[PDB]
Every structure is written in C-alpha cells, then in structure tokens.
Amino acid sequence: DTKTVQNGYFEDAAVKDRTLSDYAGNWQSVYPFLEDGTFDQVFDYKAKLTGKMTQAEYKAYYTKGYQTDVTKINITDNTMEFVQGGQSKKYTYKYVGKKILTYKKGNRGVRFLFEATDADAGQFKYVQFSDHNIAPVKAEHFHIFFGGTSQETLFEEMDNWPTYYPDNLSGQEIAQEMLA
C-alpha cells in the first residue's frame, strides 16, 4: 500500500475536527450486496490485485466487517436516525472530538466522535465515524460504530465496521466505487 492519507499514513498535525454535517445524507448498509453476491466481483478483483487473501478469504473478512442489522441511517447537521429491525430511532447529537487509532498492520485511522443529547438514546448514545479521512470534507461513504457505554469502549472494535453508501446508488454502483 502506498503511504497515502486514505491508506492510513498521515501526520498527526493534519488531523482536524469535523462536524456532523460532513456525514449528512440518506445512507444504506452495504451488507445486503455482499450477501446477494454483488460484491463477489470486488473480492475476485482484490484477490487478483493484492494477493493477500483468496477471494473466499476476502469475502469472509468483509462478511465479518459489514454485518449489521442497521439497514439505513439518515443524518442531518444535528440528528441521526437508525433503522434497525422493525424500528426507527432518531436522536440529536453533539460533536465530542476525535481519536487516532493504530491498527495491527501499522497504518492508522481517525474516529470522529458524537454523543446524543437525548436522555433515552441507549445503544445509540455514543457514535463514531471512520471514512479514511482525517479532516473536514463531505463523506462519500463511512464505517460507523455505536454503543451505550463510552467512546472508549468502541475503540476496541476493529473487525466489525458496518459500512454505508448513499441511498441513491445501486449495489452495482457501490461495487464500482469499491473496484476503483
């Protein structure tokens, strides 16, 4: 991997605070498109390109990465709505900062941290975004992390990173973006 920002190679000083507005939009989980085979062409390509895993190994890795029951997330400049099972839950959020994590392979990434201001947020009280960026820019897709204890609890989760792309894309278009 080239030593670029989006591959996780960046200077600490370039990491800058963001706002929830970077993530505003109507977003969909990519997991159904792994499950229905749309991403098989992605895993075949990755296996042939990098040689680091077989196609089946890549698929298992991304199955663990993408699994979630949160099928849709709708975000405004100050709210997030999670659609999960047969229920929608919407809360107001404030920005609470950022965290630089180091991964086992030696690259790094930044989590951008939000906290619900509503008392009844439960498992959606603490929410983090990772999008391979480190400073303000409109998100094009993201991984999300959420729970009800603290931001710090979520820093331990490294292998499940539910992933979201804009609702206006087909699964095929998401696959194209991943192949690019």
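Position 1 is the first residue in the sequence shown; the rest follow in order.
Practice task
Would you mind comparing 69-77 and 84-92 for me and telling me which has the higher average C-alpha temperature factor in the entry?
Solution key: 84-92 has the higher mean C-alpha B-factor.
Exercise for the section: Could you check which stretch, 32-40 or 120-128, carries the larger mean CA temperature factor in the entry? Expected result: On average, C-alpha B-factors are higher across 120-128.
Handout entry: Member of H143, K48, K138, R111 with the greatest C-alpha B factor (per the PDB record)
Key = Of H143, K48, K138, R111, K48 has the highest C-alpha B-factor.
Handout entry: Assigned third (lowest, middle, highest) for the C-alpha B factor of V5
Key = Answer is middle: the recorded C-alpha B-factor places it there.
Practice task
State the tercile, meaning the lowest, middle or highest third, of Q55 with respect to the CA B-factors recorded for its chain.
Solution key: For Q55, the deposited C-alpha B-factor lands in the highest third.
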